[PDB]
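>>> Please find the sequence and an experimentally derived structure below.
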Amino acid sequence: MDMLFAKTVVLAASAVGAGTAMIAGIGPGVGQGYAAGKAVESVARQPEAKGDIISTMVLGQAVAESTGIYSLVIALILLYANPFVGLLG
Amino acid sequence: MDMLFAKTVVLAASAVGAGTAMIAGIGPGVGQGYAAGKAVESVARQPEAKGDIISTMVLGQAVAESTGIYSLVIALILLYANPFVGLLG
Amino acid sequence: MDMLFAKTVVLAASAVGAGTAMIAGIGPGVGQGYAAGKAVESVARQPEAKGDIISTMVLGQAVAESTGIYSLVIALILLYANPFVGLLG
Amino acid sequence: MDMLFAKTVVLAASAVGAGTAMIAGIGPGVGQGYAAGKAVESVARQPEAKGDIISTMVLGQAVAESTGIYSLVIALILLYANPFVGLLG
Amino acid sequence: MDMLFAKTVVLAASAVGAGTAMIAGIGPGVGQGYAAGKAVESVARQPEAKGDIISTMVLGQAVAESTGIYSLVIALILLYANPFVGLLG
Amino acid sequence: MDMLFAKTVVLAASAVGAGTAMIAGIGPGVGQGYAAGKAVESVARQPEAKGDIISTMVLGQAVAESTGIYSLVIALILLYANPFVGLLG
Amino acid sequence: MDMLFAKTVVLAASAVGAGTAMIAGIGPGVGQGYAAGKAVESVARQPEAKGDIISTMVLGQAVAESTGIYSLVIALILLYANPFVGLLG
Amino acid sequence: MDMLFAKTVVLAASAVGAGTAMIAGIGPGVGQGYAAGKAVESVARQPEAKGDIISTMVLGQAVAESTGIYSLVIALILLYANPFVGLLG
Amino acid sequence: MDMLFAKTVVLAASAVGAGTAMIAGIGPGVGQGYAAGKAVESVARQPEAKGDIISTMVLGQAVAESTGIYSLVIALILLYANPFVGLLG
Amino acid sequence: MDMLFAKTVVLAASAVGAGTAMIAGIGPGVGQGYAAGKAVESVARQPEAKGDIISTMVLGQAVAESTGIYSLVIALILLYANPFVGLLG
Amino acid sequence: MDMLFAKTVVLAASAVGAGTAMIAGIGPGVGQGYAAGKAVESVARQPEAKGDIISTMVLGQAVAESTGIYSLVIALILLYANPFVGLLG
Ligand SMILES: CCCCCCCCCO
Ligand SMILES: CCCCCCCCCO
Ligand SMILES: CCCCCCCCCO
Ligand SMILES: CCCCCCCCCO
Ligand SMILES: CCCCCCCCCO
Ligand SMILES: CCCCCCCCCO
Ligand SMILES: CCCCCCCCCO
Ligand SMILES: CCCCCCCCCO
Ligand SMILES: CCCCCCCCCO
Ligand SMILES: CCCCCCCCCO
Ligand SMILES: CCCCCCCCCO
Ligand code: NA
Ligand code: NA
Ligand code: NA
Ligand code: NA
Ligand code: NA
Ligand code: NA
Ligand code: NA
Ligand code: NA
Ligand code: NA
Ligand code: NA
Ligand code: NA
């Protein structure tokens, strides 16, 4: 193989791999939306708990975000700091 | 490989990768719709908290939107600021 | 590669990418339908609140629509303002 | 490439793209069925709210339909007003 | 390309596209089954509402059916009124 | 292309298309099982309502079955009344 | 094409098609398990109505099984009464 | 084609088909786990029903297992009693 | 075909088939986690019945595990007791 | 085939197989998160049974982890103790 | 095969495998978001137990994170400590 062909196929696979990783983003959208619904329900019933409600919502939602960030980091590595092109030849 | 062939396959993979990333959009639609349902329930029950209900709904929904935006950004990079074509040759 | 072959494969991948992006439309249908169910249950108990119920339903449903629109925009770019064909050669 | 080969591969990809877009139809079926179930439960407890129940059900269900329509439009463009065949050569 | 080869690949893709579109049928089965479950609980508790329960169930279920029909129409077009074979050559 | 090659690839795609369509069967199993659970719950609490419970369960379940039948019909057409082999040559 | 090559590719596609159809089995497992859970809850509260509970559970579960059987039939046709090999040549 | 090539491709497709069929196992795990949760909840609230609870749980769970077994049987046929290799040549 | 080529493609397909079968593991994780949540709720309410809550939880969870084990067995057969390599030639 | 080509394709398939197995990890995340939510609500209600709540949560969550571990083991075998490379030639 | 071709295909498959493993991230986002919603609902009722609530939420969420981490580790091994390139030749 020539080197341009090698990079071409490794980078093409990297594009597919990056987009596939981003499918993980479904999870945080579902879970965080649930937490938001419960926060809405609680502050209508208890306006006085609005600090605790919102601070607790944000903490718990932040934890649920992490796997969306992991996928994003893997995608950005593949696009901008691609680790395979340097292993070639 | 010639250079037109190299770009052709890298850009074709980028189109597939971009569309695949957008599958993440399922999540925010599910979660944010749940939050909207709880907000509807709560206005009817306690009309006086409409202000808090809606502001809390929008904050929590904004957080649930983020992974849909991340996918969108990855797709737009692949289509409009493609990082692979410049690594070629 | 000749130029017709280059466009052919880039546009074929664009068709697949566009259709795949549209899978995101599952999410808004699920979430918005939930919000509609809660609106129905509340109108029934609390007709004095039909105003707020429906306006709140529509606002929250509008937010849940956004990722379905993002996919639609990516699909229409790929079909009607294709950004790859101009990068070729 | 000859022109018949170019059209053949672009149209074959368009067929796959169209069918894939239609997977979005899962969402409206799930969400609208939920809204129908809530409408049933309320007409039987509150026969006097049948007008508001059904009109609210239909409005909210109409909103949940939109992403199923978007996919259908993309599929029908690819089959009947295909935008790629004219970009060729 | 010869013309038999062109039709062969376009029709093969059409078969895959048609079957893929039919995956949408998951949605109506889930949503309509939910609506049926609510109708069952309701007639038991409020048998003097049977007429409304069942008529409301059927109306709301009919709306939830539509995206299953759209997929079916796309599949039957691809199999029986295939729009690509005539664009060839 | 020779004619045996043409039929071979069209029929191979038909087999894949048929099996893929059958994935729709997930939906009716989920929804109809829900309806069955509600029927069980109601006959235990209201044994004297068994008549309307079971007739309502079966009607609503029948409606939820339809998209599973549509997929089955598409699969059986592709296997036993294949519409593509006759369009060839 | 020779005839062994024709059968080889048609039967290979049939194996993939058969396994794919079997994915439908997810649905009955989910729905029937729900119905079983409701039956358990119900006998605990109404020991007396065990006869009806169980007979209703089994009837409703039988209906939810049907699409799992349809997929199984399509798979067994493709493996043991394959309809494509006889259309060849 | 030679005969070793024919068997190679039919058996490779059989391996993919077998693994794909096993995806059905998701369903019974979800449904049976639900039934187990309800059994747990009811042993607490009504300890005089432990016998009915567990026997009903196991019956209903057995029914929910069937589609996981069907997939398993199809996989084991493809691996150990492969029906395609004998149709060859 | 030579024999090394035959084994290579059969074993490559076996690796893909094995990994695909393992997707079934989603189901037990979902269902068993539900059962664990109900057990947590039933001990809190009745700390004194901890032994029958837990014995029922474990029995019902064991049943929900079975399809995860079936997939695991199919994967381990394909990797360590591969049935296809001996059918070759 | 030469031996480097044989290993190359078997190891490439092993990488795809390993990543696919890891999709199973969705299940434990969903189920274990449910169990955690129930533990949180139960310690709010009942601070006495906290030891029991947490010990029950951890036991039930451990059981729900197992299929995530099985996939992980299959992936690590394919990457670090690959059983196919030794069957070659 | 030459050695550059061998590495190229093994690394391209590794990119696809890595991205696919990251799909597991859906699970923790869903489950952890649920746990966050319950934590919100419970502080508002029981402000006095915020201690217990948040520490229990974080412990249970940490357990639900594990399979997202496993996928991440497999992806980072494939990208940065690739075990296949050294088995080659
Ligand atoms: C999924 C990986 C795509 C890599 C395709 C490269 C094809 C190049 C052919 O010359
Ligand atoms: C999924 C990546 C698609 C790349 C296909 C390129 C094929 C070019 C063949 O000449
Ligand atoms: C998924 C991308 C499809 C691109 C296929 C191009 C194949 C042309 C072969 O000569
Ligand atoms: C998914 C896109 C299908 C296009 C396949 C075209 C293959 C023609 C080969 O000569
Ligand atoms: C998914 C589209 C299938 C089209 C395959 C055609 C292959 C013909 C090769 O000669
Ligand atoms: C998915 C459609 C399968 C068709 C593959 C035909 C391959 C024949 C190659 O000569
Ligand atoms: C999915 C259908 C598989 C058919 C592959 C046949 C390939 C034979 C190549 O020579
Ligand atoms: C999915 C079916 C795999 C069959 C691949 C056979 C390829 C052999 C090529 O010579
Ligand atoms: C999914 C099965 C993979 C088999 C691919 C074998 C390709 C060998 C080509 O020479
Ligand atoms: C899914 C398995 C990938 C194996 C691809 C091997 C292709 C090598 C071609 O030279
Ligand atoms: C899914 C694995 C992608 C490997 C494709 C390699 C194709 C190289 C052809 O020369
Ligand atoms: Na997380
Ligand atoms: Na988010
Ligand atoms: Na949105
Ligand atoms: Na919509
Ligand atoms: Na509809
Ligand atoms: Na229907
Ligand atoms: Na059925
Ligand atoms: Na069953
Ligand atoms: Na089981
Ligand atoms: Na387990
Ligand atoms: Na875990």
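Great, that's in hand. Residues are numbered from 1 along each chain as shown, chains lettered A, B, ... in the order given. Ligands and ions are numbered 1, 2, ... in the order given.
>>> drop to CA atoms for contacts and neighbour counts, all remaining ones
Fine.
>>> In chain A, which helix is the longest?
helix A:50-80 (DSSP state H).
>>> That one vs helix K:50-80, what angle?
0 degrees (axes from the mean of the first three to the mean of the last three CA atoms, to 10 degrees).
>>> quick one: helix A:50-80 near chain J?
No - if you take CA under 8 Å from any CA of the partner chain as the test, helix A:50-80 misses chain J, and the best it gets is 10.0 Å.
>>> So that helix, near chain B or not?
Yes - judged by CA under 8 Å from any CA, helix A:50-80 and chain B are in contact via A:54, A:57, A:61, A:68, A:72, A:75, A:79-80.
>>> Kindly give a single ChimeraX line that selects the buried subset of those.
In ChimeraX, a selection of the buried entries from the residues of helix A:50-80 next to chain B looks like this (16 or more other CA atoms under 10 Å in any protein chain shown):
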select /A:54,57,61,68,72,75,79
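>>> And the residues of helix A:50-80 next to chain B, which is closest to ligand 10?
Nearest to ligand 10, judged by CA to the nearest ligand atom, of the residues of helix A:50-80 next to chain B is residue A:75 at 20.6 Å.
>>> tell me which element the closest residue to the closest one other than its chain neighbours is part of?
Distances taken as CA to CA, 6 or more residues apart in numbering or on different chains place residue A:18 nearest to residue A:75, at 4.2 Å, with adjacent residues excluded. If you go by DSSP states H and E, residue A:18 is part of helix A:3-21.
>>> what about that helix and ligand 10, touching?
No - contact between helix A:3-21 and ligand 10 is absent, the nearest approach being 11.1 Å (criterion: CA under 6 Å from any ligand atom).
>>> Can you name every helix or strand that that helix contacts?
With contacts taken as 3 or more CA pairs under 8 Å, 6 or more residues apart in numbering or on different chains; DSSP states H and E, helix A:3-21 sits against helix A:50-80, helix B:3-21, helix B:50-80, helix K:3-21.
>>> who wins for proximity to ligand 8 among those?
The closest of the helices and strands packed on helix A:3-21 to ligand 8 is helix K:3-21. By CA to the nearest ligand atom, the value is 15.6 Å.
>>> got the CA coordinates for the closest one in PDB?
What follows is helix K:3-21, C-alpha atoms only, in PDB (Å, rounded to 0.1, in the frame of the first residue of the first chain):
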ATOM      1  CA  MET K   3       2.700  -4.700   6.600                       C
ATOM      2  CA  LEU K   4       1.300  -1.200   6.000                       C
ATOM      3  CA  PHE K   5      -1.800  -2.700   4.500                       C
ATOM      4  CA  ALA K   6      -2.100  -5.100   7.500                       C
ATOM      5  CA  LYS K   7      -1.900  -2.200  10.000                       C
ATOM      6  CA  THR K   8      -4.300  -0.100   8.000                       C
ATOM      7  CA  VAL K   9      -7.100  -2.600   8.100                       C
ATOM      8  CA  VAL K  10      -6.600  -3.600  11.700                       C
ATOM      9  CA  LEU K  11      -6.500   0.100  12.800                       C
ATOM     10  CA  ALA K  12      -9.600   1.000  10.700                       C
ATOM     11  CA  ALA K  13     -11.500  -1.800  12.400                       C
ATOM     12  CA  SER K  14     -10.300  -0.600  15.800                       C
ATOM     13  CA  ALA K  15     -11.800   2.900  15.100                       C
ATOM     14  CA  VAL K  16     -15.200   1.400  14.200                       C
ATOM     15  CA  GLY K  17     -15.000  -1.000  17.300                       C
ATOM     16  CA  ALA K  18     -14.100   1.900  19.600                       C
ATOM     17  CA  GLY K  19     -17.000   4.100  18.500                       C
ATOM     18  CA  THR K  20     -19.500   1.200  18.700                       C
ATOM     19  CA  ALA K  21     -18.400   0.300  22.300                       C
END
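>>> Quick check: the most centrally placed residue in chain A vs residue B:27, distance?
Central residue of chain A (CA atoms, centre = their mean): residue A:68, 1.8 Å from the mean position. Computed with CA to CA, to the nearest Å, the distance linking residue A:68 and residue B:27 is 11 Å.
>>> Identify the contacts common to the two.
The contact sets of residue A:68 and residue B:27 overlap at A:25, A:27-28 (CA atoms under 8 Å, 6 or more residues apart in numbering or on different chains).
>>> what kind of secondary structure is residue A:83 in?
Assigned with DSSP: H, G, I helix; E, B strand; the rest coil, residue A:83 falls in the coil class.
>>> re earlier: just put the residues of helix A:50-80 next to chain B in CSV and tack on distance to residue D:40.
Listed next are these as CSV, based on distance: CA to CA, whole Å:
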residue, distance to residue D:40
A:54, 35
A:57, 34
A:61, 34
A:68, 38
A:72, 43
A:75, 46
A:79, 51
A:80, 54
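>>> that older thread, residues touching the residue nearest to residue A:75, list them.
By CA under 8 Å, 6+ apart, the contact set of residue A:18 is A:74-76, A:78-79, B:17, B:21, K:19.
>>> same check, this time on residue A:54
Residues in contact with residue A:54, defined by CA under 8 Å, 6+ apart, are A:39, B:56, K:40.
>>> okay, now the second one: neighbour count?
Burial measure for residue B:56: 24 neighbouring residues, criterion other CA atoms under 10 Å in any protein chain shown.
>>> element containing the nearest residue to it once chain neighbours are set aside, please.
Of all residues not flanking residue B:56 in the chain, residue A:40 sits nearest, at 5.8 Å (CA to CA, 6+ apart). Here residue A:40, judged by DSSP H and E, is contained in helix A:26-45.
>>> Tell me if that helix is near ligand 12.
No - judged by CA under 5 Å from the ion, helix A:26-45 and ligand 12 are separated, with a smallest distance of 7.6 Å.
>>> again, but for stretch A:52-60
No - Stretch A:52-60 is not in contact with ligand 12 by CA under 5 Å from the ion; minimum separation 9.4 Å.
>>> close to ligand 13, is that stretch?
No - Stretch A:52-60 does not reach ligand 13 (CA under 5 Å from the ion); its nearest approach is 10.6 Å.
>>> returning to what we had before: any chance of the contacts of residue A:18 in CSV with distance to residue H:11 as columns?
Formatted as CSV, those follow (distance: CA to CA, whole Å):
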residue, distance to residue H:11
A:74, 35
A:75, 35
A:76, 39
A:78, 35
A:79, 37
B:17, 31
B:21, 33
K:19, 28
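>>> what's the closest of the residues you listed to chain H?
Closest approach to chain H among the contacts of residue A:18 (CA to the nearest CA): residue K:19, at 19.7 Å.
>>> Going by proximity to ligand 3, name the top residue of chain A.
Closest contact between chain A and ligand 3, by CA to the nearest ligand atom, is at residue A:16 (10.4 Å).
>>> For that residue, give its distance to residue A:78.
In terms of CA to CA, residue A:16 sits 10 Å off from residue A:78.
>>> Taking chain A, what residue is nearest to chain J?
Proximity to chain J, evaluated over chain A using CA to the nearest CA, is greatest for residue A:27 at 9.0 Å.
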